[PDB]
Amino acid sequence: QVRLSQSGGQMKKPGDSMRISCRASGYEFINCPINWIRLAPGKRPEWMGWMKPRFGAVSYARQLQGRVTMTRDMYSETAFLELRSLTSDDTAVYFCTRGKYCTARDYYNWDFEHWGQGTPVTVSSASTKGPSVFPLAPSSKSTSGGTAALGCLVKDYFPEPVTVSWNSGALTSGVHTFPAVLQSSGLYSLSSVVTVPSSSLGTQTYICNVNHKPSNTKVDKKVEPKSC
Amino acid sequence: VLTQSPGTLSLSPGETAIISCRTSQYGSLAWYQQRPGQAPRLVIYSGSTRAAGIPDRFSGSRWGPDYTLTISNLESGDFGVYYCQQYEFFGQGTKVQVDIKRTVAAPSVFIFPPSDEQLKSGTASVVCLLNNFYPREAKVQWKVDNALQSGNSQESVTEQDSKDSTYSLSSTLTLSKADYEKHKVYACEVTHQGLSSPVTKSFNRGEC
Amino acid sequence: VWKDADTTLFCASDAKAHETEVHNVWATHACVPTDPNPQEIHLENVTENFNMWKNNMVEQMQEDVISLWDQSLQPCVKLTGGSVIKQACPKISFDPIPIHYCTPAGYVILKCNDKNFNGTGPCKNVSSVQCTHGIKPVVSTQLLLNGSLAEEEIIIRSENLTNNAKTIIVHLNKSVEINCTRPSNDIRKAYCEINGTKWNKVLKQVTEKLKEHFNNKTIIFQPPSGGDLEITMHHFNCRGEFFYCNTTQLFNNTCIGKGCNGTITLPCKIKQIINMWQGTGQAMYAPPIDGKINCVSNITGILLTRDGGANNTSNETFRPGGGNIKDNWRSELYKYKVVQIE
Ligand SMILES: *[C@@H]1O[C@H](CO)[C@@H](O)[C@H](O)[C@H]1NC(C)=O
Ligand SMILES: *[C@@H]1O[C@H](CO)[C@@H](O)[C@H](O)[C@H]1NC(C)=O
Ligand SMILES: *[C@@H]1O[C@H](CO)[C@@H](O)[C@H](O)[C@H]1NC(C)=O
Ligand SMILES: *[C@@H]1O[C@H](CO)[C@@H](O)[C@H](O)[C@H]1NC(C)=O
Ligand SMILES: *[C@@H]1O[C@H](CO)[C@@H](O)[C@H](O)[C@H]1NC(C)=O
Ligand SMILES: *[C@@H]1O[C@H](CO)[C@@H](O)[C@H](O)[C@H]1NC(C)=O
Ligand SMILES: *[C@@H]1O[C@H](CO)[C@@H](O)[C@H](O)[C@H]1NC(C)=O
Ligand SMILES: *[C@@H]1O[C@H](CO)[C@@H](O)[C@H](O)[C@H]1NC(C)=O
Ligand SMILES: *[C@@H]1O[C@H](CO)[C@@H](O)[C@H](O)[C@H]1NC(C)=O
Ligand SMILES: *[C@@H]1O[C@H](CO)[C@@H](O)[C@H](O)[C@H]1NC(C)=O
């Protein structure tokens with residue numbers, strides 16, 4: 001039975017190089033080529049290249065040309081991947097694959113029936129940046145005996161995650177803390193809102209508690225309606 | 001070359017998932033399934049040929065350049081993200097997630113001007129809130145002085161609430177302090193099934 | 001009435017009993033004499049489909065060449081499966097001879113005579129022969145040597161051009177001589193001489209033919225991306241010695257865009273420790289023989305691989321290929337297929 005065993009996950013910094021292995025078994029190793037596919041959440045799976053064990057023939061994807069090297073050991077029947085000069089865009093789960101149809105006379109490479117268990121690779125700076133917390137003013141409308149909405153914007157922090165509570169956790173009803181998004185600057189940001197009775201805005205105090213463990217940052221921001 | 005649609009598919013167990021893929025070149029097209037925290041699995045290859053272990057609930061079809069993966073009677077294991085593939089090319093992927101059904105609920109739309117504290121920095125963030133709606137399918141378009149905005153906003157959607165089975169969405173429009181003070185009217189247009197017509201919440205810069 | 005079939009072919013050649021040469025000796029025991037008057041029946045109103053990449057004739061020649069090399073080029077040391085095999089490795093006379101493959105009783109070979117036939121698809125002009133033409137089992141990489149030339153235009157051959165995993169064969173309609181030499185009196189260093197004017201002109205014609213298959217894109221050549229020396233360099237055997245020639249200068253894009261007009265000399269080297277193309281592993285041979293080692297060949301074809309990946313550039317990149325020696329036989333057996341009579 002065809003098996004592909006990959007090496008363990010690892011963490012890297014921008015500028016480093018990674019190397020992962022893929023030990024194959026259960027078939028004639030030199031009969032079929034081995035591919036390397038990386039999958040990052042949100043982005044389409046990216047084919048990095050294939051390697052044919054016979055003479056170690058390789059074919060790298062154009063966009064990775066110069067940074068990637070694929071080799072193999074014939075004795076241990078293990079394929080190897082190397083990616084140099086890593087950046088945040090290299091953060092992904094790396095797979096070795098092999099085609100379904102593989103005989104001694106013919107093969108079709110691209111029908112990936114066989115996948116390795118995957119090798120998670122995280123590439124991020126060791127630097128940490130505390131979040132900026134801006135209040136979200138509930139505006140001066142929305143009925144008199146209805147519901148309003150307030151919150152605080154947690155912007156420009158790195159890395160994940162941040163957690164938000166309200167009134168030291170006393171306020172949980174109607175709270176929505178949205179999943180963070182990755183901005184173009186490479187910094188994260190999210191919003192935490194809460195819906196409260198409009199008649200309480202002049203009586204009850206609402207404070208969002210933002211926590212950012214990597215930067216050792218705990219900031220409390222009081223969200224009050226603007227006076228004009 | 002490979003255009004896969006839709007991006008997200010929120011369905012209930014027992015329903016059918018319809019995932020399409022348009023190609024710019026004819027050739028052997030495959031379908032893959034990736035369960036959460038697992039390696040991708042070959043489901044269909046060569047257009048409609050079923051892989052080993054795949055139930056007949058998965059069916060492949062092709063009309064012109066359009067390849068469709070239909071998954072009848074959804075089960076727990078069927079959910080995840082699906083990809084189409086031709087040679088070394090892959091589609092963007094379709095996310096098939098579990099949706100618990102309920103009555104149609106319209107979103108409560110709120111808009112938030114950038115704080116005076118943030119304006120000191122040099123950038124301004126306008127936040128539009130879509131609260132407690134169903135189904136998930138909702139569209140948000142930003143308008144600045146009645147002009148369609150594009151490329152300067154990011155959306156975030158919460159998971160389906162365990163209590164009321166609703167969704168909430170957050171859209172953030174980012175502009176520089178200089179570019180923000182150039183315009184007056186800022187608005188987000190919300191279109192949803194629970195609304196007879198698109199709802200717009202807006203404010204004018206400066207006034208209260 | 002017939003149909004496409006596979007069977008066990010027999011060999012035919014002009015091997016001489018007085019020859020101690022390797023290929024002659026093998027053909028003496030494995031093959032029958034050739035026929036002085038070969039019969040070719042040109043079929044009229046007959047259209048046949050061919051598939052050079054799915055031809056089992058290739059699957060028989062490869063076994064023959066492997067057994068030929070296994071019983072002749074016996075290495076001093078054979079490294080395979082962890083075990084070491086130490087045999088006798090005397091110097092021998094090595095020079096490939098034409099080999100004909102023929103069908104037994106009940107079978108026959110169909111030959112496609114379309115001048116611009118690319119290897120796969122229907123053929124209008126089909127003839128009926130008993131044996132193939134004289135095919136020398138030349139084992140090489142990157143460059144096809146002492147083979148047959150295309151009739152009319154340069155023919156691009158591939159099972160699927162859009163599939164970057166598939167090897168591309170360029171069939172030249174005009175040969176370019178490559179003169180490789182190991183002079184007498186570092187004994188392992190050698191070189192190959194190629195007419196730069198002829199090569200660059202032919203290479204330019206190749207790019208133009210490739211443009212026809214790739215929407216008039218910019219055709220760019222590049223050295224191999226990696227692999228063993230057998231494929232990253234021009235690997236071939238001359239006079240029993242294994243040559244490794246660097247072909248960086250052979251695929252110079254500047255020369256096909258004021259200086260290249262001259263004599264291109266490729267740095268070569270004779271290795272004793274080689275990677276076997278049979279897939280067995282590593283084999284070691286004795287140091288090169290004394291005197292002037294020289295072999296002059298015809299470059300009749302080029303083995304290429306095309307770069308792929310999720311890109312959007314306005315240029316196609318090709319790199320010298322090889323490795324799979326079955327492809328070498330496909331370049332000569334492309335116009336042949338075996339069928340069974342009723
Ligand atoms: C080329 O590949 C396609 C699928 O990728 C296949 O259907 C077709 O038969 C191939 N063509 C040849 C000539 O083998
Ligand atoms: C096939 O033979 C016919 C008959 O002479 C000839 O006209 C035609 O050019 C030939 N085709 C090729 C591809 O050689
Ligand atoms: C060869 O010719 C056939 C004609 O049927 C065509 O389908 C195929 O694409 C051609 N291949 C190349 C490499 O030109
Ligand atoms: C080399 O090419 C020339 C001209 O094409 C030809 O006459 C000669 O027979 C070839 N040598 C071989 C096939 O050994
Ligand atoms: C070889 O074919 C090319 C086309 O690919 C053509 O331009 C050239 O004239 C041919 N050479 C001959 C027929 O000698
Ligand atoms: C090949 O080159 C050598 C010098 O390296 C020369 O002596 C010999 O004559 C050449 N052979 C041919 C056929 O040109
Ligand atoms: C190279 O070949 C051309 C003919 O194509 C010939 O005129 C020229 O003299 C050759 N160069 C050398 C150095 O012999
Ligand atoms: C071939 O020669 C070029 C030029 O000296 C060199 O850059 C290249 O590395 C050589 N090829 C190999 C495989 O060493
Ligand atoms: C390509 O040719 C030019 C012109 O003769 C030369 O300067 C350059 O070194 C050559 N490059 C290679 C890689 O052979
Ligand atoms: C090709 O040319 C002749 C055969 O006619 C021979 O002298 C030469 O060694 C051959 N080359 C190879 C690599 O077999």
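Here is the naming used below: chain letters follow the sequence lines, and residue numbers restart at 1 for every chain. When a ligand or atom number is given, it counts from 1 through the structure's own listing order.
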statement: Within 4.0 Å of some non-hydrogen atom of C:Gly259, the atoms of ligand 9 are 5 (O)
query: In terms of side-chain heavy atoms, does C:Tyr191 have a donor or acceptor partner in C:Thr181 at a distance below 3.5 Å?
result: no
- line: Logged contact type for C:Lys174 with ligand 5, heavy-atom cut-off 4.0 Å, is neither
- request: Identify, with sequence neighbours excluded, every residue that meets side-chain contact (heavy atoms from CB on, under 4.5 Å) alongside C:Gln278.
  value: C:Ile66, C:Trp69, C:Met276, C:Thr280
message: Closer than 4.0 Å to some heavy atom of C:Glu152 - which atoms of ligand 5 meet that?
response: 1 (C), 2 (O), 10 (C), 13 (C)
message: Show the atoms of ligand 5 that are less than 4.0 angstrom away from any heavy atom in C:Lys209.
response: 5 (O)
task: Step by step, work out the side chain to side chain contact (heavy atoms under 4.5 Å, CB included) result for C:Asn328 and C:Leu144.
output: CA-CA 7 Å; C:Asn328 289 345; C:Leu144 296 177; 3.1 Å; yes
field: Backbone N/O of C:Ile156 and side chain of C:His213: donor-acceptor pair under 3.5 Å
entry: no
message: Tell me whether the rings of C:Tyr285 and C:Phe242 are parallel (<30°), tilted (30 to 60°) or perpendicular (>60°).
response: tilted
message: My understanding is that only residues two or more places apart in sequence, or in another chain, count here; which of them pass side-chain contact (heavy atoms from CB on, under 4.5 Å) with A:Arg54?
response: A:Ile30
query: What side chain to side chain donor-acceptor pair (under 3.5 Å) pairs are there with at least one residue in residues 74-83 of chain C, not counting sequence neighbours?
result: none
Please give the N or O to N or O pairs under 3.5 Å between ligand 8 and the protein, distances rounded to 0.1 Å.
residue	atom	partner	partner atom	Å
ligand 8	2 (O)	C:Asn246	OD1	3.4
ligand 8	2 (O)	C:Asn246	ND2	2.3
ligand 8	11 (N)	C:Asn246	ND2	3.0

message: Could you check whether the SG atoms of C:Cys268 and C:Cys180 sit less than 2.5 Å apart, since that is the cutoff I want to apply?
response: no
query: Between C:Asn173 and ligand 5, is there a nitrogen or oxygen pair with a distance under 3.5 Å?
result: yes
field: Proximal atoms of ligand 9 relative to C:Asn252 (non-hydrogen, under 4.0 Å)
entry: 1 (C), 2 (O), 3 (C), 8 (C), 10 (C), 11 (N), 12 (C), 14 (O)
task: Check ligand 9 against C:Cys260 and write out every atom of the ligand that is under 4.0 Å from a heavy-atom position of the residue.
output: 2 (O), 4 (C), 5 (O)
message: In terms of relative ring orientation, are C:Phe117 and C:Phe50 parallel, tilted or perpendicular, with 30° and 60° separating the classes?
response: perpendicular
